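Trainee: A single structure is presented below for examination.
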Amino acid sequence: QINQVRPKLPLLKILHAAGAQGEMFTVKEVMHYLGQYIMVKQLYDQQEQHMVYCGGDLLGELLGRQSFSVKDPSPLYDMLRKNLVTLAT
Ligand SMILES: COc1ccc(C2=N[C@@H](c3cccc(Cl)c3)[C@@H](c3ccc(Cl)cc3)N2C(=O)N2CCNC(=O)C2)c(OC(C)C)c1
C-alpha cells in the first residue's frame with residue numbers, strides 16, 4: 001500500500017460522515033477531512049471553536065480521547081506515528 005494511512009470499515013465510516021474516502025491518504029489530507037468533520041459535527045466550545053470536545057462520538061473512539069485543540073494537536077500525531085514515522089508536538 002501507499003506510504004500514508006488507510007482505515008477499516010467502522011473507522012472509514014467516520015471520514016465518510018465528512019464526505020471523504022476514509023484515512024486512505026497523507027497527513028495533510030486526513031487533517032483536512034478531520035477539520036471539516038469537527039466543523040459539521042460541531043464538537044467544540046461556544047466561546048472557543050479552537051477547543052474540541054468529542055464526548056461519546058466516534059471521533060473520540062477513533063483518537064482514544066474525548067478532547068484536543070488546534071493548539072495541542074498531539075492526539076492526531078499519536079494516531080499517525082502508529083502508521084508512518086512523521087512529525088509530532
Ligand atoms: C478559533 O477556532 C478555530 C481555529 C482554527 C481552526 C482550523 N484551523 C485549521 C488547522 C490547520 C493546521 C493545523 C491545525 Cl491544528 C488546524 C483547521 C483544522 C484542521 C485540523 C483539525 Cl484536527 C482541526 C482544525 N481549522 C478548520 O478546520 N477551520 C474550519 C472553519 N474555518 C476556519 O478558518 C478553520 C478551527 O477549526 C475547527 C473545525 C476546530 C477553529
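Ordered as shown in the C-alpha cells, chains take letters A, B, and onward, while each chain numbers its residues from 1 and ligands are numbered from 1 in the order shown.
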Chain A: which residues are helix (DSSP H, G or I) by DSSP, as a ChimeraX atom specification?
Mentor: /A:9-16,27-41,58-63,74-80
Trainee: Set out as a Markdown table a contact list for chain A and ligand 1 with a cut-off of 10 Å, giving each residue of chain A that qualifies its closest atom pair and distance in Å to one decimal, counting only C-alpha atoms and all ligand atoms, ordered by chain and rising residue number.
Mentor:
| residue | atom | partner | partner_atom_place_in_ligand_line | distance |
| --- | --- | --- | --- | --- |
| A:28 | CA | ligand 1 | 12 (C) | 8.6 |
| A:29 | CA | ligand 1 | 20 (C) | 9.6 |
| A:30 | CA | ligand 1 | 20 (C) | 8.3 |
| A:31 | CA | ligand 1 | 20 (C) | 4.6 |
| A:32 | CA | ligand 1 | 19 (C) | 5.7 |
| A:33 | CA | ligand 1 | 20 (C) | 7.8 |
| A:34 | CA | ligand 1 | 22 (Cl) | 5.4 |
| A:35 | CA | ligand 1 | 27 (O) | 3.6 |
| A:36 | CA | ligand 1 | 27 (O) | 5.4 |
| A:37 | CA | ligand 1 | 38 (C) | 7.3 |
| A:38 | CA | ligand 1 | 38 (C) | 4.7 |
| A:39 | CA | ligand 1 | 38 (C) | 4.2 |
| A:40 | CA | ligand 1 | 38 (C) | 8.0 |
| A:41 | CA | ligand 1 | 38 (C) | 8.9 |
| A:42 | CA | ligand 1 | 38 (C) | 7.5 |
| A:43 | CA | ligand 1 | 39 (C) | 8.1 |
| A:44 | CA | ligand 1 | 39 (C) | 7.0 |
| A:45 | CA | ligand 1 | 2 (O) | 9.4 |
| A:46 | CA | ligand 1 | 2 (O) | 10.0 |
| A:47 | CA | ligand 1 | 1 (C) | 8.9 |
| A:48 | CA | ligand 1 | 1 (C) | 5.9 |
| A:49 | CA | ligand 1 | 2 (O) | 3.9 |
| A:50 | CA | ligand 1 | 2 (O) | 3.5 |
| A:51 | CA | ligand 1 | 39 (C) | 6.7 |
| A:52 | CA | ligand 1 | 39 (C) | 6.5 |
| A:53 | CA | ligand 1 | 39 (C) | 9.9 |
| A:68 | CA | ligand 1 | 22 (Cl) | 8.2 |
| A:69 | CA | ligand 1 | 15 (Cl) | 6.9 |
| A:70 | CA | ligand 1 | 15 (Cl) | 3.7 |
| A:71 | CA | ligand 1 | 15 (Cl) | 6.0 |
| A:72 | CA | ligand 1 | 15 (Cl) | 7.1 |
| A:73 | CA | ligand 1 | 15 (Cl) | 5.2 |
| A:74 | CA | ligand 1 | 15 (Cl) | 8.8 |
| A:75 | CA | ligand 1 | 22 (Cl) | 8.9 |
| A:76 | CA | ligand 1 | 22 (Cl) | 7.0 |
Trainee: For the residues in that selection, give me C-alpha atoms as a PDB file, in the first residue's frame.
Mentor:
ATOM      1  CA  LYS A  28      -2.294  16.829   5.167  1.00  0.00           C
ATOM      2  CA  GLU A  29      -5.353  15.164   3.589  1.00  0.00           C
ATOM      3  CA  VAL A  30      -6.553  13.395   6.821  1.00  0.00           C
ATOM      4  CA  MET A  31      -6.281  16.630   8.814  1.00  0.00           C
ATOM      5  CA  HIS A  32      -8.324  18.429   6.053  1.00  0.00           C
ATOM      6  CA  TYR A  33     -11.273  15.936   6.256  1.00  0.00           C
ATOM      7  CA  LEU A  34     -10.911  15.960  10.103  1.00  0.00           C
ATOM      8  CA  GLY A  35     -11.152  19.814  10.196  1.00  0.00           C
ATOM      9  CA  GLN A  36     -14.415  19.646   8.158  1.00  0.00           C
ATOM     10  CA  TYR A  37     -15.641  16.669  10.318  1.00  0.00           C
ATOM     11  CA  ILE A  38     -15.239  18.819  13.505  1.00  0.00           C
ATOM     12  CA  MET A  39     -16.869  21.777  11.654  1.00  0.00           C
ATOM     13  CA  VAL A  40     -20.002  19.662  10.704  1.00  0.00           C
ATOM     14  CA  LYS A  41     -20.121  17.617  13.977  1.00  0.00           C
ATOM     15  CA  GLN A  42     -19.628  20.970  15.869  1.00  0.00           C
ATOM     16  CA  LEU A  43     -17.799  19.174  18.722  1.00  0.00           C
ATOM     17  CA  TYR A  44     -16.369  22.419  20.277  1.00  0.00           C
ATOM     18  CA  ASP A  45     -16.980  25.072  22.999  1.00  0.00           C
ATOM     19  CA  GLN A  46     -19.230  28.085  22.188  1.00  0.00           C
ATOM     20  CA  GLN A  47     -16.616  30.669  23.388  1.00  0.00           C
ATOM     21  CA  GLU A  48     -13.705  28.760  21.710  1.00  0.00           C
ATOM     22  CA  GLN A  49     -14.131  26.789  18.450  1.00  0.00           C
ATOM     23  CA  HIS A  50     -10.333  26.172  18.858  1.00  0.00           C
ATOM     24  CA  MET A  51     -11.074  23.630  21.690  1.00  0.00           C
ATOM     25  CA  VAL A  52     -12.652  20.243  20.749  1.00  0.00           C
ATOM     26  CA  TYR A  53     -14.920  18.042  22.963  1.00  0.00           C
ATOM     27  CA  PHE A  68      -7.934  18.086  21.968  1.00  0.00           C
ATOM     28  CA  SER A  69      -7.328  21.588  20.427  1.00  0.00           C
ATOM     29  CA  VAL A  70      -5.828  23.310  17.334  1.00  0.00           C
ATOM     30  CA  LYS A  71      -3.012  24.471  19.753  1.00  0.00           C
ATOM     31  CA  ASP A  72      -2.455  20.901  21.148  1.00  0.00           C
ATOM     32  CA  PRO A  73      -2.935  18.570  18.060  1.00  0.00           C
ATOM     33  CA  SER A  74      -0.656  15.754  19.505  1.00  0.00           C
ATOM     34  CA  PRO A  75      -3.657  13.256  19.601  1.00  0.00           C
ATOM     35  CA  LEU A  76      -3.577  13.277  15.727  1.00  0.00           C
TER      36      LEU A  76
END
Trainee: Mind the document's chain letters and residue numbers, and return as a list in words the residues of chain A that DSSP labels strand (DSSP E or B).
Mentor: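 Taking chain A and keeping strand (DSSP E or B) only, one gets residues 21, 23, 44, 45, 48, 49, 50, 51, 52, 53, 67, 68 and 69 of chain A.
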Trainee: Using only C-alpha atoms, which residue out of A:11, A:79, A:27, A:54 lies closest to residue 67 (chain A)?
Mentor: A:54
Trainee: Excluding same-chain residues fewer than 4 positions from residue 86 (chain A), what lies within 10 Å of it counting only C-alpha atoms, as a ChimeraX atom specification?
Mentor: /A:4,27,77-78,80-82
Trainee: Could you write out the selected residues, including C-alpha atoms, as a CSV table (one decimal), in the first residue's frame?
Mentor:
chain,number,residue,atom,x,y,z
A,4,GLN,CA,0.5,7.0,4.3
A,27,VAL,CA,-1.3,13.6,6.9
A,77,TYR,CA,0.2,12.6,15.6
A,78,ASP,CA,-0.2,9.7,18.1
A,80,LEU,CA,-0.3,8.8,12.7
A,81,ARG,CA,3.1,7.6,14.4
A,82,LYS,CA,1.5,4.1,14.6
